[PDB]
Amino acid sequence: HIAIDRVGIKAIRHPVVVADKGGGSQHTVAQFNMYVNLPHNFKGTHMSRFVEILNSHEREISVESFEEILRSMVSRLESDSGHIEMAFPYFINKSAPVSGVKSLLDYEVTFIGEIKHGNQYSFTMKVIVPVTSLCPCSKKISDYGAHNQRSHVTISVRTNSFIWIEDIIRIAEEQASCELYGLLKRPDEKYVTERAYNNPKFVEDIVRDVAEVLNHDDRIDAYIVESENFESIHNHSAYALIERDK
């Protein structure tokens, strides 16, 4: 009598493989969310078809698979629009800015697949990159020392060509007050604390500076940029957000 707008499954772990920019690949584990819009004659028993599709490929699911996975999905469930989601930790081995001392840093990356009007596919990637931010307010009023916090710059990007996930990470890291390292030597901490003090940005200043970089990248069709402070002196969170379609 009434059409179901969407059916799907969520909260389902499964091993995945992701390629490094520095030639190679990471073997990690992703949380999944799959669904299909306006399924026809959907019998409630067919819910386990999602799990089928997810297991029918490899032991470790590649991003390459997103093509057939979505194709199988929409056909096996008689809809013409589908959606997949793959959220996983991703590691970069960063070099301390002065010492060169390497240490791993983790980012929450999520790849999002989409298929509409029968066969029209579209890829989107999202990164939650952790940065340190000093706000220029404290810098101005207080004579010595300015308060800083941990921040999360989230960038989601509707892509039209290939982009390394590392590139989008860098855009955020470059644009922040300062980037996080994980292991800091004595000379390193001297650097980053002064580097951040000499480069203070408000929550809106970061999102603005990122948006501006993303406006000009021709591989990006649409984007959402959000940064949020986990306030060092307030116990709440402030956020700013920009979103544009091209």
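For every residue, the number given is its place in the sequence shown, counted from 1.
Stretches compared: 44 to 52, 217 to 225. Higher mean C-alpha B-factor in the entry: 44 to 52. Per the PDB record, of the two stretches 104 to 112 and 133 to 141, 133 to 141 carries the greater mean B-factor over its C-alpha atoms.
Which of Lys94, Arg158, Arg71, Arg170 has the largest Cα B-factor in the deposited entry comes down to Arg71. Ranked by Cα temperature factor within the chain, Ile242 sits in the lowest third according to the deposited record.
Among the modelled residues of its chain, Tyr35 has a C-alpha B-factor that falls in the middle third, as given in the PDB entry. Among the modelled residues of the chain, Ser62 sits in the highest third by CA temperature factor in this PDB entry. Per the deposited record, the Cα B-factor of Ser177 falls in the middle third when ranked against the other modelled residues of its chain.
Placement of the Cα temperature factor of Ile165 within the chain: lowest third of the modelled residues, per the deposited record.
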